[PDB]
Amino acid sequence: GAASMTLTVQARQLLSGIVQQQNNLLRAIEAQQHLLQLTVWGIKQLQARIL
Amino acid sequence: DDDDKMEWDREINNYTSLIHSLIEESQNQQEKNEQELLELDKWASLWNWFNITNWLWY
C-alpha cells in the first residue's frame, strides 16, 4: 500500500484524459473536414455557374 | 437549386454546431488534464522527497 498506488492511479487517470482528448481532437478534425468539403462543393457551384 | 441552397445551409450550420461542441468538450478536457497533471507533479515530487531524504541508497 506504499502510496505508489495513489501515485500511478492519477497517472492512469491522466493518460486516460490524454487519450480521450485525442479522440476529441480527431472528431473535431473530422467535422472540420466535412465543413471543408461543403465549402469546396459550394465554391465549385459558383465556378460552374460563371461560364 | 431553390432547395439546395438550404441543404447547404442546413449542413453548414450542423457541422458548425458540432465543431463548436467538440472544442467545448476539448477545452474542458484540457482544463481537467492540466489539473490531473499539476497534481501528479506534486505527488511525485512529494514522495520523491521522503525517498531522497531518509537516506539515498543506489
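Numbering of residues starts from 1 on every chain and follows the order in which that chain's sequence is written, so it may differ from the entry's own numbering; residues lacking coordinates are left out. For naming, the first written chain is A and the first written ligand is 1, with later ones following in the order written. Excluded from the side-chain calculations are hydrogens and water; all other atoms, namely the structure's heavy atoms, are used.

Another point: the overall build of chain A. Secondary structure elements follow DSSP: runs of H or I of four or more residues count as helices, runs of E of two or more count as strands, with numbering from the N terminus. Each helix and strand in chain A was counted, giving 1 helix and 0 strands. For a compact globule the rule gives 2.2 Å times the number of residues to the power 0.38, and the radius of gyration it is set against comes from C-alpha atoms. Relative to the 2.2 N^0.38 estimate, which gives 10 Å for 51 residues, the radius of gyration of chain A is 22 Å and therefore markedly larger than a compact globule would have. Only protein chains enter the area calculation, which uses a 1.4 Å probe; residues under 20% of their type maximum are buried, those over 50% are exposed, and those in between are partly exposed. Counting all 51 residues of chain A, 20% fall into the buried class.

Moving on: the UniProt feature "coiled-coil region" in chain B. In the numbering adopted here, UniProt assigns the feature "coiled-coil region" to residues 10–44 of chain B. Across residues 10–44 of chain B, helical content stands at 100% and strand content at 0%; the span's end C-alpha atoms are separated by 51 Å. UniProt positions are given in the numbering used here, feature names are shortened, and annotations may be inferred rather than shown by experiment.

By definition, residues are in contact when any of their heavy atoms lie within 4.5 Å. Counting residues at the interface gives 25 residues for chain A, matched by 20 residues for chain B. Taken over both partners, the interface formed by chain A and chain B buries close to 2,100 Å², and the fraction arising from carbon and sulfur atoms is 70%. Here, a salt bridge means any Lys or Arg side-chain nitrogen found within 4 Å of an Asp or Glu carboxyl oxygen. At the junction of chain A with chain B, the criterion picks out 1 salt bridge. Note that A:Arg49 is salt-bridged to B:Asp1, the shortest N-O span being 3.0 Å. Polar contacts here mean pairs of N or O atoms no more than 3.5 Å apart (in protein, one a potential hydrogen donor and the other a potential acceptor; neighbouring residues in sequence count only if both atoms are side-chain atoms). On the surface where chain A and chain B come into contact, there are 6 residue pairs in polar contact. When two parts are brought into contact, each loses some accessible area as probed by a 1.4 Å sphere; the total of that loss over both is the buried area.

The biggest cluster of nonpolar side chains holds 7 residues, and these are A:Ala28, A:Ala31, A:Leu35, A:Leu38, B:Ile12, B:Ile19 and B:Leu22. Counting residues per element, the ones that place at least two in this core are α1 (5–47) of chain A together with α1 (4–54) of chain B. A total of 4 residues in this core trace back to one element, the largest contributor, which is α1(A). The residues touching B:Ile12, leaving out its near neighbours within four places in the chain, are A:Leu35 and A:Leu38. Only buried residues count toward a nonpolar core, which is a set of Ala, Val, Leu, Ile, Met, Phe, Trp, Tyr and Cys residues joined through side-chain atoms within 4.5 Å.

So, on to the side chain of B:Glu36. Its place among the elements puts B:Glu36 in helix α1. Buried charged residue B:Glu36 carries no salt bridge. Nearest counter-charge: B:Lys32, at 6.6 Å. With sequence-adjacent residues up to four places away left out, B:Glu36 is seen in contact with A:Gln13, A:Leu14, A:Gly17 and B:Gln29. In summary, the charge assignment counts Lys and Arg as positive and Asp and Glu as negative, without counting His or the chain termini.

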